[PDB]
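Visitor: This one is work32.pdb, PDB, C-alpha atoms.
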ATOM      1  CA  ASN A   1       0.000   0.000   0.000
ATOM      2  CA  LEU A   2       2.094   2.863   1.382
ATOM      3  CA  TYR A   3       5.727   1.938   0.727
ATOM      4  CA  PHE A   4       7.507   5.257   0.163
ATOM      5  CA  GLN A   5       9.329   6.037   3.417
ATOM      6  CA  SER A   6       9.705   9.384   5.181
ATOM      7  CA  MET A   7      11.090  12.494   3.473
ATOM      8  CA  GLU A   8      12.148  15.977   4.612
ATOM      9  CA  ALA A   9      11.652  19.183   2.625
ATOM     10  CA  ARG A  10      12.505  22.871   2.910
ATOM     11  CA  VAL A  11      11.735  25.863   0.697
ATOM     12  CA  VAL A  12      15.258  27.175   0.032
ATOM     13  CA  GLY A  13      14.457  29.791  -2.601
ATOM     14  CA  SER A  14      12.290  30.999  -5.433
ATOM     15  CA  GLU A  15      12.451  32.729  -8.785
ATOM     16  CA  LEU A  16      10.195  34.740 -11.058
ATOM     17  CA  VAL A  17      11.185  34.484 -14.682
ATOM     18  CA  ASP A  18       7.841  34.784 -16.428
ATOM     19  CA  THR A  19       4.323  34.879 -15.049
ATOM     20  CA  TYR A  20       4.379  32.698 -11.977
ATOM     21  CA  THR A  21       6.729  32.529  -9.064
ATOM     22  CA  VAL A  22       8.500  29.176  -8.988
ATOM     23  CA  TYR A  23       9.574  27.810  -5.612
ATOM     24  CA  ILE A  24      12.791  25.858  -5.086
ATOM     25  CA  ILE A  25      12.329  22.992  -2.645
ATOM     26  CA  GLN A  26      15.207  21.053  -1.138
ATOM     27  CA  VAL A  27      14.260  17.441  -0.461
ATOM     28  CA  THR A  28      15.977  14.484   1.189
ATOM     29  CA  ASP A  29      15.043  10.834   1.752
ATOM     30  CA  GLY A  30      18.234  10.160   3.717
ATOM     31  CA  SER A  31      19.841   8.523   0.667
ATOM     32  CA  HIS A  32      19.986  11.629  -1.527
ATOM     33  CA  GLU A  33      19.416  15.346  -1.395
ATOM     34  CA  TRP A  34      17.951  17.228  -4.344
ATOM     35  CA  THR A  35      15.765  20.173  -5.318
ATOM     36  CA  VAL A  36      12.427  20.283  -7.115
ATOM     37  CA  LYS A  37      10.589  23.295  -8.546
ATOM     38  CA  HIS A  38       6.887  23.921  -8.041
ATOM     39  CA  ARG A  39       4.469  26.839  -8.410
ATOM     40  CA  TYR A  40       1.598  27.666  -6.007
ATOM     41  CA  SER A  41      -0.847  26.044  -8.446
ATOM     42  CA  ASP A  42       1.162  22.816  -8.233
ATOM     43  CA  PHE A  43       0.814  22.904  -4.478
ATOM     44  CA  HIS A  44      -2.917  23.564  -4.909
ATOM     45  CA  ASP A  45      -3.321  20.583  -7.272
ATOM     46  CA  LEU A  46      -1.393  18.458  -4.735
ATOM     47  CA  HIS A  47      -3.572  19.714  -1.873
ATOM     48  CA  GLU A  48      -6.891  19.221  -3.700
ATOM     49  CA  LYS A  49      -5.870  15.674  -4.556
ATOM     50  CA  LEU A  50      -4.935  14.856  -0.927
ATOM     51  CA  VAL A  51      -8.159  16.376   0.415
ATOM     52  CA  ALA A  52     -10.319  14.445  -2.073
ATOM     53  CA  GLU A  53      -8.726  11.153  -1.063
ATOM     54  CA  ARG A  54      -9.369  11.919   2.623
ATOM     55  CA  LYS A  55      -5.660  11.890   3.502
ATOM     56  CA  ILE A  56      -5.546  15.369   5.066
ATOM     57  CA  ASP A  57      -7.987  17.722   6.786
ATOM     58  CA  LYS A  58      -9.837  20.277   4.680
ATOM     59  CA  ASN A  59      -8.726  22.396   7.653
ATOM     60  CA  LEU A  60      -5.065  22.595   6.609
ATOM     61  CA  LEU A  61      -4.740  24.938   3.608
ATOM     62  CA  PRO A  62      -2.028  26.062   1.150
ATOM     63  CA  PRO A  63      -1.121  29.746   0.596
ATOM     64  CA  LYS A  64      -3.869  31.621  -1.304
ATOM     65  CA  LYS A  65      -3.304  31.802  -5.060
ATOM     66  CA  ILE A  66      -2.155  35.245  -6.246
ATOM     67  CA  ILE A  67      -4.791  36.963  -8.392
ATOM     68  CA  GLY A  68      -3.116  38.420 -11.484
ATOM     69  CA  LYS A  69       0.502  39.303 -12.214
ATOM     70  CA  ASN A  70       3.113  37.899  -9.829
ATOM     71  CA  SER A  71       5.783  40.285  -8.589
ATOM     72  CA  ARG A  72       9.142  39.740  -6.928
ATOM     73  CA  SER A  73       7.857  40.731  -3.492
ATOM     74  CA  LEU A  74       7.334  39.403   0.025
ATOM     75  CA  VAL A  75       9.792  36.659  -0.964
ATOM     76  CA  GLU A  76      10.866  35.789   2.591
ATOM     77  CA  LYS A  77       7.282  35.600   3.946
ATOM     78  CA  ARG A  78       5.954  33.670   0.947
ATOM     79  CA  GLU A  79       8.790  31.126   1.122
ATOM     80  CA  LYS A  80       8.323  30.607   4.908
ATOM     81  CA  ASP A  81       4.522  30.335   4.600
ATOM     82  CA  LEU A  82       4.900  27.734   1.884
ATOM     83  CA  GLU A  83       7.442  25.800   3.961
ATOM     84  CA  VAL A  84       5.191  25.793   7.010
ATOM     85  CA  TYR A  85       2.431  24.324   4.870
ATOM     86  CA  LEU A  86       4.675  21.738   3.226
ATOM     87  CA  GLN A  87       6.130  20.537   6.516
ATOM     88  CA  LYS A  88       2.625  20.165   7.949
ATOM     89  CA  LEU A  89       1.813  17.972   4.942
ATOM     90  CA  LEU A  90       4.801  15.773   5.696
ATOM     91  CA  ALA A  91       4.052  15.641   9.445
ATOM     92  CA  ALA A  92       0.609  14.235   8.582
ATOM     93  CA  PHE A  93       2.336  11.140   7.188
ATOM     94  CA  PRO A  94       5.014  10.112   9.686
ATOM     95  CA  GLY A  95       7.328   7.322   8.562
ATOM     96  CA  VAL A  96       5.599   6.549   5.239
ATOM     97  CA  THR A  97       4.733   8.925   2.368
ATOM     98  CA  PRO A  98       1.631   8.712   0.128
ATOM     99  CA  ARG A  99       2.529   7.987  -3.502
ATOM    100  CA  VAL A 100       1.205  11.348  -4.776
ATOM    101  CA  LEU A 101       3.254  13.345  -2.242
ATOM    102  CA  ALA A 102       6.393  11.306  -2.957
ATOM    103  CA  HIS A 103       5.894  11.982  -6.650
ATOM    104  CA  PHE A 104       5.464  15.723  -6.075
ATOM    105  CA  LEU A 105       8.684  15.694  -4.032
ATOM    106  CA  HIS A 106      10.783  13.852  -6.637
ATOM    107  CA  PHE A 107       9.925  15.639  -9.892
ATOM    108  CA  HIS A 108       9.657  19.270 -11.035
ATOM    109  CA  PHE A 109       6.242  20.597 -12.090
ATOM    110  CA  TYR A 110       7.408  20.689 -15.737
ATOM    111  CA  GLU A 111       8.548  17.055 -15.750
TER     112      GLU A 111
END
Let me see the structure of the file written as structure tokens.
Guide:
Amino acid sequence: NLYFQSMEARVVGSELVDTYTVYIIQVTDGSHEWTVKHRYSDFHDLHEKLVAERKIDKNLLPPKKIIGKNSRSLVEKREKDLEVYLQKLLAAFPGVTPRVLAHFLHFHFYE
């Protein structure tokens, strides 16, 4: 069933090249350390999928999606807020990670 083991993640940066801020997430499973890139919408897709499958509380919520043009602003606060959310996600699944979360953590949004 659940066979992916525990992972740790931190938001270590972000970038805004085009339209949407992209977040840089450092991940480790104890064997390797790597980074993946995800946008807010990717976190929202992730979240909606976890809620629907009754794996997390509808109570826990990701950072509100920015309406309109993203700007290079409130970087520190946005990164921390995102990290708080992500680490709460991981703490909901001690020891063993749901397939969909493990997949999110291994591959960039554009892969």
Visitor: Report as number ranges by chain the residues that result from applying the PyMOL selection byres ((chain A and resi 73-83) around 9) to the structure here.
Guide: A: 9-14, 23, 25, 40, 43, 62-63, 70-72, 84-88
Visitor: What lies within 7 Å of stretch 3-7 of chain A using only C-alpha atoms, ignoring chain neighbours under 3 positions off, as JSON, numbers by chain?
Guide: {"A": [28, 29, 94, 95, 96, 97, 98, 99, 102]}
Visitor: Name the closest residue to residue A:109 among the candidates A:53, A:18, A:42, A:48; distances are taken between atoms, counting all atoms listed in the file.
Guide: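 Counting all atoms listed in the file, the residue closest to residue A:109 is A:42.
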Visitor: Kindly indicate which residue among A:45, A:20, A:33, A:56 lies nearest to residue A:91, using all atoms listed in the file for the distances.
Guide: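 Among A:45, A:20, A:33, A:56, it is A:56 that comes nearest to residue A:91.
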Visitor: Residues around (2.7, 16.3, 0.2), cut-off 6 Å, counting all atoms listed in the file - what are they as a list in words?
Guide: residues 89, 90 and 101 of chain A
